[PDB]
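*Asks:* Sharing model-v2.txt (compact mmCIF, N, CA, C and O atoms) below.
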# COMPACT_ATOMS: atom_id res chain seq x y z
N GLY A 270 56.52 16.67 -57.94
CA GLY A 270 55.66 17.72 -57.40
C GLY A 270 55.96 18.06 -55.95
O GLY A 270 57.11 17.96 -55.51
N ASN A 271 54.90 18.46 -55.40
CA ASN A 271 54.90 18.81 -53.98
C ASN A 271 54.98 17.58 -53.09
O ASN A 271 54.29 16.58 -53.33
N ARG A 272 55.92 17.45 -52.15
CA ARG A 272 56.18 16.32 -51.26
C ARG A 272 54.91 15.90 -50.51
O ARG A 272 54.69 14.71 -50.28
N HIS A 273 54.08 16.81 -50.13
CA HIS A 273 52.82 16.48 -49.47
C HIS A 273 51.87 15.77 -50.42
O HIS A 273 51.21 14.80 -50.03
N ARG A 274 51.95 16.25 -51.59
CA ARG A 274 51.12 15.59 -52.59
C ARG A 274 51.64 14.19 -52.89
O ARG A 274 50.86 13.27 -53.11
N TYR A 275 52.86 14.06 -52.88
CA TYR A 275 53.51 12.77 -53.09
C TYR A 275 53.12 11.78 -52.00
O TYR A 275 52.75 10.64 -52.29
N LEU A 276 53.23 12.13 -50.72
CA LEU A 276 52.90 11.27 -49.59
C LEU A 276 51.42 10.89 -49.60
O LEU A 276 51.06 9.77 -49.22
N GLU A 277 50.56 11.88 -50.14
CA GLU A 277 49.14 11.58 -50.26
C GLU A 277 48.89 10.49 -51.30
O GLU A 277 48.09 9.58 -51.07
N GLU A 278 49.59 10.58 -52.53
CA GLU A 278 49.48 9.53 -53.54
C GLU A 278 50.00 8.20 -53.01
O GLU A 278 49.40 7.15 -53.26
N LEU A 279 51.10 8.20 -52.35
CA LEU A 279 51.69 7.00 -51.77
C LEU A 279 50.73 6.36 -50.76
O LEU A 279 50.59 5.14 -50.73
N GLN A 280 50.08 7.12 -49.97
CA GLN A 280 49.12 6.65 -48.98
C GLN A 280 47.97 5.89 -49.64
O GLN A 280 47.52 4.86 -49.13
N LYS A 281 47.54 6.40 -50.76
CA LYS A 281 46.47 5.73 -51.48
C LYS A 281 46.86 4.30 -51.85
O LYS A 281 46.07 3.37 -51.66
N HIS A 282 48.10 4.10 -52.35
CA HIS A 282 48.57 2.78 -52.76
C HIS A 282 48.92 1.92 -51.55
O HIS A 282 48.70 0.71 -51.56
N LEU A 283 49.46 2.45 -50.49
CA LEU A 283 49.78 1.69 -49.29
C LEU A 283 48.52 1.22 -48.58
O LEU A 283 48.52 0.16 -47.94
N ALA A 284 47.46 2.00 -48.76
CA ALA A 284 46.17 1.58 -48.21
C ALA A 284 45.67 0.31 -48.90
O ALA A 284 45.13 -0.58 -48.25
N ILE A 285 45.93 0.17 -50.17
CA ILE A 285 45.57 -1.03 -50.91
C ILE A 285 46.44 -2.20 -50.45
O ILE A 285 45.94 -3.30 -50.22
N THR A 286 47.69 -1.82 -50.26
CA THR A 286 48.62 -2.85 -49.80
C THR A 286 48.18 -3.41 -48.45
O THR A 286 48.15 -4.62 -48.26
N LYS A 287 47.88 -2.49 -47.58
CA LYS A 287 47.42 -2.89 -46.26
C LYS A 287 46.18 -3.77 -46.35
O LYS A 287 46.12 -4.83 -45.71
N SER A 288 45.25 -3.48 -47.22
CA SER A 288 44.03 -4.26 -47.40
C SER A 288 44.33 -5.64 -47.98
O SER A 288 43.78 -6.64 -47.52
N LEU A 289 45.23 -5.77 -48.90
CA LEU A 289 45.60 -7.03 -49.52
C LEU A 289 46.31 -7.94 -48.52
O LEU A 289 46.04 -9.14 -48.46
N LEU A 290 47.18 -7.31 -47.69
CA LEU A 290 47.94 -8.09 -46.72
C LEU A 290 47.03 -8.63 -45.62
O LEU A 290 47.21 -9.76 -45.15
N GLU A 291 46.02 -7.86 -45.30
CA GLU A 291 45.05 -8.31 -44.30
C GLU A 291 44.21 -9.46 -44.83
O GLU A 291 43.88 -10.39 -44.10
N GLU A 292 44.06 -9.51 -46.10
CA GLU A 292 43.25 -10.55 -46.73
C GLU A 292 44.06 -11.83 -46.94
O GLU A 292 43.55 -12.93 -46.73
N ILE A 293 45.32 -11.73 -47.27
CA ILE A 293 46.16 -12.85 -47.68
C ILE A 293 46.69 -13.57 -46.44
O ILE A 293 46.90 -14.78 -46.47
N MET A 294 46.89 -12.87 -45.38
CA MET A 294 47.57 -13.44 -44.22
C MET A 294 46.64 -14.35 -43.44
O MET A 294 45.60 -13.91 -42.94
N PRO A 295 46.96 -15.72 -43.34
CA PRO A 295 46.17 -16.60 -42.49
C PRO A 295 46.30 -16.27 -41.01
O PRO A 295 47.23 -15.56 -40.61
N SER A 296 45.38 -16.80 -40.26
CA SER A 296 45.36 -16.51 -38.83
C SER A 296 46.60 -17.05 -38.14
O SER A 296 47.12 -16.44 -37.20
N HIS A 297 47.29 -18.08 -38.61
CA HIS A 297 48.43 -18.73 -37.97
C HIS A 297 49.73 -18.40 -38.69
O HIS A 297 50.72 -19.13 -38.55
N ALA A 298 49.79 -17.48 -39.45
CA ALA A 298 50.96 -17.12 -40.25
C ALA A 298 52.19 -16.90 -39.37
O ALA A 298 53.28 -17.36 -39.69
N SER A 299 52.00 -16.31 -38.26
CA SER A 299 53.11 -16.05 -37.35
C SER A 299 53.66 -17.34 -36.76
O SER A 299 54.88 -17.53 -36.69
N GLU A 300 52.80 -18.34 -36.46
CA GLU A 300 53.21 -19.63 -35.93
C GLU A 300 53.95 -20.45 -36.99
O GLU A 300 54.96 -21.09 -36.69
N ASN A 301 53.48 -20.46 -38.07
CA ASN A 301 54.14 -21.16 -39.16
C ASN A 301 55.55 -20.62 -39.40
O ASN A 301 56.48 -21.39 -39.62
N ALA A 302 55.63 -19.27 -39.32
CA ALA A 302 56.92 -18.65 -39.56
C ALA A 302 57.94 -19.08 -38.51
O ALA A 302 59.11 -19.32 -38.83
N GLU A 303 57.58 -19.45 -37.29
CA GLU A 303 58.46 -19.83 -36.19
C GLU A 303 58.91 -21.29 -36.32
O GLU A 303 59.93 -21.68 -35.76
N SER A 304 58.29 -22.13 -37.07
CA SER A 304 58.55 -23.56 -37.20
C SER A 304 59.77 -23.82 -38.09
O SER A 304 60.29 -24.93 -38.12
N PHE A 305 60.28 -22.96 -38.89
CA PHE A 305 61.35 -23.14 -39.86
C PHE A 305 62.59 -23.74 -39.20
O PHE A 305 63.12 -24.74 -39.68
N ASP A 306 63.13 -23.32 -38.15
CA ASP A 306 64.34 -23.78 -37.48
C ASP A 306 64.15 -25.20 -36.93
O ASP A 306 65.06 -26.02 -37.02
N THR A 307 63.00 -25.45 -36.43
CA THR A 307 62.72 -26.77 -35.88
C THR A 307 62.72 -27.82 -36.99
O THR A 307 63.21 -28.93 -36.79
N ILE A 308 62.28 -27.50 -38.10
CA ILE A 308 62.24 -28.41 -39.24
C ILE A 308 63.66 -28.72 -39.70
O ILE A 308 64.00 -29.88 -39.94
N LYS A 309 64.47 -27.77 -39.77
CA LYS A 309 65.87 -27.95 -40.14
C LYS A 309 66.61 -28.80 -39.11
O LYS A 309 67.42 -29.66 -39.47
N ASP A 310 66.39 -28.69 -37.88
CA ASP A 310 67.00 -29.49 -36.82
C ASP A 310 66.62 -30.96 -36.95
O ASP A 310 67.46 -31.84 -36.78
N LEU A 311 65.45 -31.25 -37.27
CA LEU A 311 64.98 -32.62 -37.44
C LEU A 311 65.74 -33.32 -38.57
O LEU A 311 66.19 -34.45 -38.40
N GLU A 312 65.88 -32.67 -39.66
CA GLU A 312 66.61 -33.23 -40.79
C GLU A 312 68.04 -33.58 -40.41
O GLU A 312 68.52 -34.68 -40.71
N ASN A 313 68.77 -32.77 -39.75
CA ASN A 313 70.15 -32.99 -39.34
C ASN A 313 70.27 -34.17 -38.37
O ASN A 313 71.18 -34.98 -38.48
N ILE A 314 69.38 -34.31 -37.46
CA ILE A 314 69.39 -35.39 -36.49
C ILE A 314 69.21 -36.73 -37.20
O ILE A 314 69.90 -37.71 -36.89
N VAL A 315 68.38 -36.83 -38.20
CA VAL A 315 68.10 -38.07 -38.92
C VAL A 315 69.32 -38.48 -39.73
O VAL A 315 69.67 -39.66 -39.78
N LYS B 344 58.77 -34.67 -32.54
CA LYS B 344 59.47 -35.62 -33.41
C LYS B 344 60.98 -35.42 -33.35
O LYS B 344 61.73 -36.40 -33.30
N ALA B 345 61.51 -34.18 -33.41
CA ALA B 345 62.93 -33.88 -33.33
C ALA B 345 63.52 -34.36 -32.00
O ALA B 345 64.60 -34.96 -31.97
N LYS B 346 62.73 -34.14 -30.90
CA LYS B 346 63.19 -34.58 -29.59
C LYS B 346 63.28 -36.11 -29.53
O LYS B 346 64.27 -36.66 -29.05
N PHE B 347 62.34 -36.83 -30.02
CA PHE B 347 62.31 -38.29 -30.00
C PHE B 347 63.46 -38.87 -30.80
O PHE B 347 64.15 -39.78 -30.34
N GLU B 348 63.69 -38.38 -31.99
CA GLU B 348 64.76 -38.88 -32.85
C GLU B 348 66.13 -38.58 -32.25
O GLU B 348 67.07 -39.37 -32.41
N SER B 349 66.19 -37.52 -31.59
CA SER B 349 67.43 -37.21 -30.88
C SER B 349 67.70 -38.24 -29.78
O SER B 349 68.85 -38.63 -29.56
N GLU B 350 66.64 -38.65 -29.13
CA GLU B 350 66.79 -39.68 -28.11
C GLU B 350 67.24 -41.00 -28.72
O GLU B 350 68.07 -41.71 -28.15
N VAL B 351 66.70 -41.38 -29.88
CA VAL B 351 67.11 -42.59 -30.60
C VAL B 351 68.60 -42.53 -30.92
O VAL B 351 69.32 -43.50 -30.71
N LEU B 352 69.10 -41.43 -31.46
CA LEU B 352 70.51 -41.23 -31.77
C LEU B 352 71.38 -41.41 -30.53
O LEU B 352 72.40 -42.10 -30.58
N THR B 353 70.95 -40.81 -29.40
CA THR B 353 71.70 -40.94 -28.16
C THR B 353 71.75 -42.40 -27.70
O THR B 353 72.80 -42.88 -27.28
N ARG B 354 70.62 -43.16 -27.85
CA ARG B 354 70.57 -44.57 -27.48
C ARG B 354 71.54 -45.39 -28.31
O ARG B 354 72.24 -46.26 -27.79
N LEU B 355 71.63 -45.18 -29.58
CA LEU B 355 72.54 -45.88 -30.48
C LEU B 355 73.99 -45.59 -30.11
O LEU B 355 74.82 -46.51 -30.06
N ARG B 356 74.30 -44.32 -29.85
CA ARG B 356 75.65 -43.94 -29.47
C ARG B 356 76.06 -44.58 -28.15
O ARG B 356 77.18 -45.08 -28.02
N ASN B 357 75.08 -44.54 -27.15
CA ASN B 357 75.37 -45.15 -25.86
C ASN B 357 75.63 -46.65 -26.00
O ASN B 357 76.54 -47.19 -25.37
N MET B 358 74.85 -47.28 -26.91
CA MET B 358 75.04 -48.71 -27.15
C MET B 358 76.41 -48.99 -27.75
O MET B 358 77.13 -49.88 -27.28
N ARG B 359 76.81 -48.29 -28.77
CA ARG B 359 78.10 -48.46 -29.43
C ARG B 359 79.25 -48.23 -28.46
O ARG B 359 80.20 -49.01 -28.41
N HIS B 360 79.10 -47.11 -27.57
CA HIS B 360 80.14 -46.79 -26.60
C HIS B 360 80.27 -47.89 -25.55
O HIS B 360 81.38 -48.26 -25.17
N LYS B 361 79.08 -48.43 -25.18
CA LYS B 361 79.10 -49.53 -24.23
C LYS B 361 79.80 -50.75 -24.81
O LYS B 361 80.61 -51.39 -24.13
N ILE B 362 79.60 -51.07 -26.11
CA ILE B 362 80.20 -52.21 -26.78
C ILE B 362 81.71 -52.00 -26.92
O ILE B 362 82.50 -52.87 -26.57
N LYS B 363 82.16 -50.84 -27.37
CA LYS B 363 83.55 -50.54 -27.68
C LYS B 363 84.38 -50.38 -26.42
O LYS B 363 85.47 -50.96 -26.30
N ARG B 364 83.83 -49.61 -25.31
CA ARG B 364 84.66 -49.21 -24.18
C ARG B 364 84.49 -50.18 -23.01
O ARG B 364 85.35 -50.26 -22.14
N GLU B 365 83.39 -50.94 -23.08
CA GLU B 365 83.18 -51.83 -21.95
C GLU B 365 83.25 -53.29 -22.38
O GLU B 365 84.20 -54.00 -22.05
N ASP B 366 82.44 -53.63 -23.26
CA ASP B 366 82.30 -55.05 -23.59
C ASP B 366 83.53 -55.56 -24.34
O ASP B 366 84.15 -56.53 -23.91
N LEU B 367 84.09 -54.95 -25.40
CA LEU B 367 85.19 -55.42 -26.23
C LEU B 367 86.51 -55.35 -25.46
O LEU B 367 87.37 -56.23 -25.61
N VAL B 368 86.70 -54.34 -24.56
CA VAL B 368 87.93 -54.20 -23.78
C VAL B 368 88.06 -55.38 -22.81
O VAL B 368 89.12 -56.01 -22.74
N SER B 369 86.89 -55.73 -22.19
CA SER B 369 86.89 -56.86 -21.27
C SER B 369 87.17 -58.17 -22.00
O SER B 369 88.00 -58.97 -21.57
N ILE B 370 86.59 -58.35 -23.16
CA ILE B 370 86.70 -59.59 -23.92
C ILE B 370 88.11 -59.72 -24.49
O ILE B 370 88.71 -60.80 -24.43
N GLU B 371 88.68 -58.70 -24.96
CA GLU B 371 90.01 -58.70 -25.56
C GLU B 371 91.09 -59.00 -24.52
O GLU B 371 92.07 -59.67 -24.81
N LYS B 372 90.85 -58.52 -23.28
CA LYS B 372 91.78 -58.83 -22.20
C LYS B 372 91.76 -60.31 -21.86
O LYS B 372 92.82 -60.93 -21.70
N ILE B 373 90.57 -60.89 -21.83
CA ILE B 373 90.43 -62.31 -21.52
C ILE B 373 91.07 -63.15 -22.62
O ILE B 373 91.79 -64.10 -22.34
N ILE B 374 90.91 -62.77 -23.89
CA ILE B 374 91.47 -63.49 -25.03
C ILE B 374 93.00 -63.43 -24.97
O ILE B 374 93.67 -64.46 -25.10
N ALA B 375 93.56 -62.25 -24.71
CA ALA B 375 95.01 -62.07 -24.64
C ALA B 375 95.61 -62.92 -23.53
O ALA B 375 96.64 -63.57 -23.72
N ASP B 376 94.95 -63.00 -22.30
CA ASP B 376 95.43 -63.80 -21.18
C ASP B 376 95.40 -65.29 -21.51
O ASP B 376 96.36 -66.01 -21.24
N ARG B 377 94.39 -65.61 -22.20
CA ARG B 377 94.24 -67.02 -22.54
C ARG B 377 95.26 -67.44 -23.59
O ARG B 377 95.83 -68.53 -23.51
N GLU B 378 95.53 -66.64 -24.55
CA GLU B 378 96.52 -66.92 -25.59
C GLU B 378 97.93 -66.97 -25.02
O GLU B 378 98.71 -67.87 -25.35
N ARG B 379 98.24 -66.10 -24.04
CA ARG B 379 99.55 -66.08 -23.39
C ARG B 379 99.74 -67.31 -22.51
O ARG B 379 100.80 -67.95 -22.55
N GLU B 380 98.66 -67.64 -21.71
CA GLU B 380 98.72 -68.82 -20.85
C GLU B 380 98.93 -70.09 -21.68
O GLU B 380 99.74 -70.95 -21.32
N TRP B 381 98.36 -70.10 -22.72
CA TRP B 381 98.47 -71.27 -23.59
C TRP B 381 99.87 -71.38 -24.18
O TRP B 381 100.48 -72.45 -24.16
N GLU B 382 100.41 -70.29 -24.76
CA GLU B 382 101.74 -70.26 -25.37
C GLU B 382 102.82 -70.63 -24.35
O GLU B 382 103.72 -71.41 -24.66
N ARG B 383 102.65 -70.13 -23.03
CA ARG B 383 103.61 -70.44 -21.97
C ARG B 383 103.58 -71.92 -21.61
O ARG B 383 104.62 -72.54 -21.44
N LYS B 384 102.34 -72.42 -21.50
CA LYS B 384 102.17 -73.83 -21.15
C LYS B 384 102.85 -74.74 -22.16
O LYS B 384 103.62 -75.62 -21.79
N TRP B 385 102.80 -74.52 -23.35
CA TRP B 385 103.30 -75.44 -24.36
C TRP B 385 104.76 -75.15 -24.69
O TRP B 385 105.50 -76.04 -25.12
N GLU B 386 105.11 -73.97 -24.52
CA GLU B 386 106.53 -73.67 -24.64
C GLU B 386 107.35 -74.42 -23.59
O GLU B 386 108.43 -74.92 -23.88
N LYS B 387 106.73 -74.54 -22.34
CA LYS B 387 107.40 -75.27 -21.26
C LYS B 387 107.46 -76.76 -21.55
O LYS B 387 108.49 -77.40 -21.36
N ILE B 388 106.38 -77.28 -22.10
CA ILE B 388 106.29 -78.72 -22.34
C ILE B 388 107.13 -79.09 -23.56
O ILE B 388 107.88 -80.07 -23.53
N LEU B 389 107.25 -78.25 -24.61
CA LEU B 389 107.91 -78.59 -25.86
C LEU B 389 109.35 -78.08 -25.87
O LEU B 389 110.20 -78.63 -26.58
N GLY B 390 109.85 -77.15 -24.99
CA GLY B 390 111.16 -76.52 -24.97
C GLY B 390 111.37 -75.55 -26.11
O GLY B 390 112.48 -75.03 -26.30
N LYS B 391 110.30 -75.39 -27.10
CA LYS B 391 110.33 -74.45 -28.22
C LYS B 391 108.95 -73.84 -28.46
O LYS B 391 107.96 -74.30 -27.88
N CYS B 392 109.02 -72.85 -29.22
CA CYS B 392 107.75 -72.21 -29.54
C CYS B 392 106.82 -73.16 -30.27
O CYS B 392 107.21 -73.76 -31.28
What does this structure look like when you write it as structure tokens?
*Replies:*
Amino acid sequence: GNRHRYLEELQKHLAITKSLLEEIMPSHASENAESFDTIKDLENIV
Amino acid sequence: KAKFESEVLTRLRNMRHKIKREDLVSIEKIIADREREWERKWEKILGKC
């Protein structure tokens, strides 16, 4: 159809996505994500 | 934890390097001098090896 109509339908579903991601994401998610390299370094040293 | 274990690894390496480059080199030199001094002393007294 019409591209504007398409972006409007897409917005409806992305709005759900945005709501689900806000619900699923813990408060420390960003900190946890930064710890990955440090964990791997520990294993190699041992 | 990673920092601490790294320190342990460095301590072990330093210990091994100290044993190999310092302690064993000194001891092996003393053993070699002693074995030579001994062989010379008895070679002189016996006229043979």
*Asks:* Report the distance between atom C of residue 303 of chain A and atom N of residue 348 of chain B in Å, rounded to one decimal place.
*Replies:*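 The value is 18.3 Å.
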*Asks:* Atom CA of residue 349 of chain B and atom CA of residue 315 of chain A, how far apart in Å?
*Replies:*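 If I compute the distance from atom CA of residue 315 of chain A to atom CA of residue 349 of chain B, I get 8.1 Å.
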*Asks:* Please compute the atom CA of residue 305 of chain A-atom CA of residue 355 of chain B distance, one decimal, in Å.
*Replies:* 27.0 Å
*Asks:* When you get a sec, could you note down which chain A residues fall within 7 Å of chain B, using only N, CA, C and O atoms, as a list in words?
*Replies:* residues 307, 310, 311, 314 and 315 of chain A
*Asks:* Please run DSSP on the backbone and report, as a CSV table (one decimal) with N, CA, C and O atoms, in the frame of the given file, all residues within chain B that come out as alpha helix (DSSP H).
*Replies:*
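Full text of out.csv as output:
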chain,number,residue,atom,x,y,z
B,345,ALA,N,61.5,-34.2,-33.4
B,345,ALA,CA,62.9,-33.9,-33.3
B,345,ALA,C,63.5,-34.4,-32.0
B,345,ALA,O,64.6,-35.0,-32.0
B,346,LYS,N,62.7,-34.1,-30.9
B,346,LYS,CA,63.2,-34.6,-29.6
B,346,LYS,C,63.3,-36.1,-29.5
B,346,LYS,O,64.3,-36.7,-29.0
B,347,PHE,N,62.3,-36.8,-30.0
B,347,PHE,CA,62.3,-38.3,-30.0
B,347,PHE,C,63.5,-38.9,-30.8
B,347,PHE,O,64.2,-39.8,-30.3
B,348,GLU,N,63.7,-38.4,-32.0
B,348,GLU,CA,64.8,-38.9,-32.8
B,348,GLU,C,66.1,-38.6,-32.2
B,348,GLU,O,67.1,-39.4,-32.4
B,349,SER,N,66.2,-37.5,-31.6
B,349,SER,CA,67.4,-37.2,-30.9
B,349,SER,C,67.7,-38.2,-29.8
B,349,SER,O,68.8,-38.6,-29.6
B,350,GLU,N,66.6,-38.6,-29.1
B,350,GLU,CA,66.8,-39.7,-28.1
B,350,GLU,C,67.2,-41.0,-28.7
B,350,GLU,O,68.1,-41.7,-28.2
B,351,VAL,N,66.7,-41.4,-29.9
B,351,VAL,CA,67.1,-42.6,-30.6
B,351,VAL,C,68.6,-42.5,-30.9
B,351,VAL,O,69.3,-43.5,-30.7
B,352,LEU,N,69.1,-41.4,-31.5
B,352,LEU,CA,70.5,-41.2,-31.8
B,352,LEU,C,71.4,-41.4,-30.5
B,352,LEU,O,72.4,-42.1,-30.6
B,353,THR,N,71.0,-40.8,-29.4
B,353,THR,CA,71.7,-40.9,-28.2
B,353,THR,C,71.8,-42.4,-27.7
B,353,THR,O,72.8,-42.9,-27.3
B,354,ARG,N,70.6,-43.2,-27.8
B,354,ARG,CA,70.6,-44.6,-27.5
B,354,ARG,C,71.5,-45.4,-28.3
B,354,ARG,O,72.2,-46.3,-27.8
B,355,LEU,N,71.6,-45.2,-29.6
B,355,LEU,CA,72.5,-45.9,-30.5
B,355,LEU,C,74.0,-45.6,-30.1
B,355,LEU,O,74.8,-46.5,-30.1
B,356,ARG,N,74.3,-44.3,-29.8
B,356,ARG,CA,75.6,-43.9,-29.5
B,356,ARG,C,76.1,-44.6,-28.2
B,356,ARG,O,77.2,-45.1,-28.0
B,357,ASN,N,75.1,-44.5,-27.2
B,357,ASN,CA,75.4,-45.2,-25.9
B,357,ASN,C,75.6,-46.6,-26.0
B,357,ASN,O,76.5,-47.2,-25.4
B,358,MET,N,74.8,-47.3,-26.9
B,358,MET,CA,75.0,-48.7,-27.2
B,358,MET,C,76.4,-49.0,-27.8
B,358,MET,O,77.1,-49.9,-27.3
B,359,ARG,N,76.8,-48.3,-28.8
B,359,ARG,CA,78.1,-48.5,-29.4
B,359,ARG,C,79.2,-48.2,-28.5
B,359,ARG,O,80.2,-49.0,-28.4
B,360,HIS,N,79.1,-47.1,-27.6
B,360,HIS,CA,80.1,-46.8,-26.6
B,360,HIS,C,80.3,-47.9,-25.6
B,360,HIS,O,81.4,-48.3,-25.2
B,361,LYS,N,79.1,-48.4,-25.2
B,361,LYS,CA,79.1,-49.5,-24.2
B,361,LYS,C,79.8,-50.8,-24.8
B,361,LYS,O,80.6,-51.4,-24.1
B,367,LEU,N,84.1,-55.0,-25.4
B,367,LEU,CA,85.2,-55.4,-26.2
B,367,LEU,C,86.5,-55.4,-25.5
B,367,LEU,O,87.4,-56.2,-25.6
B,368,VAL,N,86.7,-54.3,-24.6
B,368,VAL,CA,87.9,-54.2,-23.8
B,368,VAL,C,88.1,-55.4,-22.8
B,368,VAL,O,89.1,-56.0,-22.7
B,369,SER,N,86.9,-55.7,-22.2
B,369,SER,CA,86.9,-56.9,-21.3
B,369,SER,C,87.2,-58.2,-22.0
B,369,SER,O,88.0,-59.0,-21.6
B,370,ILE,N,86.6,-58.4,-23.2
B,370,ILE,CA,86.7,-59.6,-23.9
B,370,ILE,C,88.1,-59.7,-24.5
B,370,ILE,O,88.7,-60.8,-24.4
B,371,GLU,N,88.7,-58.7,-25.0
B,371,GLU,CA,90.0,-58.7,-25.6
B,371,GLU,C,91.1,-59.0,-24.5
B,371,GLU,O,92.1,-59.7,-24.8
B,372,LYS,N,90.8,-58.5,-23.3
B,372,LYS,CA,91.8,-58.8,-22.2
B,372,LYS,C,91.8,-60.3,-21.9
B,372,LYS,O,92.8,-60.9,-21.7
B,373,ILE,N,90.6,-60.9,-21.8
B,373,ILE,CA,90.4,-62.3,-21.5
B,373,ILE,C,91.1,-63.2,-22.6
B,373,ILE,O,91.8,-64.1,-22.3
B,374,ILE,N,90.9,-62.8,-23.9
B,374,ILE,CA,91.5,-63.5,-25.0
B,374,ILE,C,93.0,-63.4,-25.0
B,374,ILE,O,93.7,-64.5,-25.1
B,375,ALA,N,93.6,-62.2,-24.7
B,375,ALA,CA,95.0,-62.1,-24.6
B,375,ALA,C,95.6,-62.9,-23.5
B,375,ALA,O,96.6,-63.6,-23.7
B,376,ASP,N,95.0,-63.0,-22.3
B,376,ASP,CA,95.4,-63.8,-21.2
B,376,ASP,C,95.4,-65.3,-21.5
B,376,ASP,O,96.4,-66.0,-21.2
B,377,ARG,N,94.4,-65.6,-22.2
B,377,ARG,CA,94.2,-67.0,-22.5
B,377,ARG,C,95.3,-67.4,-23.6
B,377,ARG,O,95.8,-68.5,-23.5
B,378,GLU,N,95.5,-66.6,-24.6
B,378,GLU,CA,96.5,-66.9,-25.6
B,378,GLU,C,97.9,-67.0,-25.0
B,378,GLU,O,98.7,-67.9,-25.4
B,379,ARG,N,98.2,-66.1,-24.0
B,379,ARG,CA,99.6,-66.1,-23.4
B,379,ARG,C,99.7,-67.3,-22.5
B,379,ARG,O,100.8,-68.0,-22.6
B,380,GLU,N,98.7,-67.6,-21.7
B,380,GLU,CA,98.7,-68.8,-20.8
B,380,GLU,C,98.9,-70.1,-21.7
B,380,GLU,O,99.7,-71.0,-21.3
B,381,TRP,N,98.4,-70.1,-22.7
B,381,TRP,CA,98.5,-71.3,-23.6
B,381,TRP,C,99.9,-71.4,-24.2
B,381,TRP,O,100.5,-72.4,-24.2
B,382,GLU,N,100.4,-70.3,-24.8
B,382,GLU,CA,101.7,-70.3,-25.4
B,382,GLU,C,102.8,-70.6,-24.4
B,382,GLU,O,103.7,-71.4,-24.7
B,383,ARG,N,102.6,-70.1,-23.0
B,383,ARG,CA,103.6,-70.4,-22.0
B,383,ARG,C,103.6,-71.9,-21.6
B,383,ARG,O,104.6,-72.5,-21.4
B,384,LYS,N,102.3,-72.4,-21.5
B,384,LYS,CA,102.2,-73.8,-21.2
B,384,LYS,C,102.8,-74.7,-22.2
B,384,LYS,O,103.6,-75.6,-21.8
B,385,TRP,N,102.8,-74.5,-23.4
B,385,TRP,CA,103.3,-75.4,-24.4
B,385,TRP,C,104.8,-75.2,-24.7
B,385,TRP,O,105.5,-76.0,-25.1
B,386,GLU,N,105.1,-74.0,-24.5
B,386,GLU,CA,106.5,-73.7,-24.6
B,386,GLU,C,107.4,-74.4,-23.6
B,386,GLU,O,108.4,-74.9,-23.9
B,387,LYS,N,106.7,-74.5,-22.3
B,387,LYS,CA,107.4,-75.3,-21.3
B,387,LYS,C,107.5,-76.8,-21.6
B,387,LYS,O,108.5,-77.4,-21.4
B,388,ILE,N,106.4,-77.3,-22.1
B,388,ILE,CA,106.3,-78.7,-22.3
B,388,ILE,C,107.1,-79.1,-23.6
B,388,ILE,O,107.9,-80.1,-23.5
B,389,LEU,N,107.2,-78.2,-24.6
B,389,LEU,CA,107.9,-78.6,-25.9
B,389,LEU,C,109.4,-78.1,-25.9
B,389,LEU,O,110.2,-78.6,-26.6
